[PDB]
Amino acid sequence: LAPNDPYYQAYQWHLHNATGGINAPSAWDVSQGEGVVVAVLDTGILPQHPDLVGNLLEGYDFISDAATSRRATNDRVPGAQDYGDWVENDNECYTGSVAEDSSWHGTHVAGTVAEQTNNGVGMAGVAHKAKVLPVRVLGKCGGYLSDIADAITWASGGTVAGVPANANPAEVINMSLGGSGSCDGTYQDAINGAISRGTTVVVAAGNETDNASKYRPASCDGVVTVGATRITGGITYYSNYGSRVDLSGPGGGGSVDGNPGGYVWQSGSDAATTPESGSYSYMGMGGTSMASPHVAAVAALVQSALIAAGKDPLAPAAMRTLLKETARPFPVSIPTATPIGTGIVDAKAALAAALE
């Protein structure tokens, strides 16, 4: 499928480039992810972005701190509106932190997952007939481990005190987020719960040019940890690495690869603070945060295709094994000491093997 989105051909090398892309055109001839729910645990969403409407569920906001959420109270609330994660001043988040504008990170990641495609508007997305369940866990200066753990439980169909039962349990969780520290009990138990309910958990390896074993949730057991490659098919300068990394997706190499080829392109906003300070746009961002949703959406294409053929969905372990075994070996040598998994996720090869 060669969709008609105006910016797809020029910008979206991560979808269609022969060395650095995920082989999406051919995969789309087989599945678009219809009938699957991918939970995006992230900064929230711009629910009325014109290139996302139609593919979103209401979701929920698990941030339990008014200063972080920019809401009126410390309560968790329905919906996942991103209020903006900007920070006005240096050193507000930690020593040497630098002031920055709102990211709309969650809207970009949700775009990779399920941006409306072949609709004559903006960009394409990978599992563009799936639905995104936006679960807001990150705001000003990031988020809280206990919030993120409860979001994992709820997203995957588990019960959380004080939140109404999730009517839309997710077959796939994407966590484009990370922090220092090896995986603890709280994270691990929530992840184990999600796995026990059949949910595949896909996480970003992290951007510290360091061993993924030292960060969470990258280092958790049972998850798919995703490194980042460039348009060239080689490791990015920032990607974490190590034996915990299962495979990679296109994260964008940054300035070395120029514009557009250094960045992943999706729905976003140019707003610097609140949503109202700017307007809907398409933004280029680089990171393992951009690689992870490519792999999460391929998981959604596979589950969709199985369901469509009256076959059983894969269990989480089988899903990880499949994504690894079908990854495209890297077209540039990866150094021995910085392994980033078996290859770049290959949407078509994953579908072909699942449907054999």
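When you see a residue number, it is the position in the sequence shown, counting from 1.
For the pair 32 to 40 and 307 to 315, the mean B factor over Cα atoms is greater in 307 to 315. According to the PDB record, 161 to 169 carries the higher mean C-alpha B-factor of the two stretches 123 to 131 and 161 to 169. Residue-level inspection of the entry shows that, of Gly262, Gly181, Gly268, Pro250, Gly181 has the top Cα B-factor. Across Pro275, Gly106, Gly227, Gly284, the entry's maximum B-factor at the CA atom is seen for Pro275. Compared with the other modelled residues of the chain, the Cα B-factor recorded for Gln12 ranks in the lowest third. Ranked within its chain, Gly54 lands in the highest third, by CA B factor from the PDB record.
In the PDB entry, a CA B factor belonging to the highest third of its chain's modelled residues is recorded for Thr186. When the CA B factors of the chain's modelled residues are split into thirds, the value for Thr236 lands in the lowest one.
Among all modelled residues in this chain, the alpha-carbon of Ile152 has a temperature factor (C-alpha) in the lowest third.
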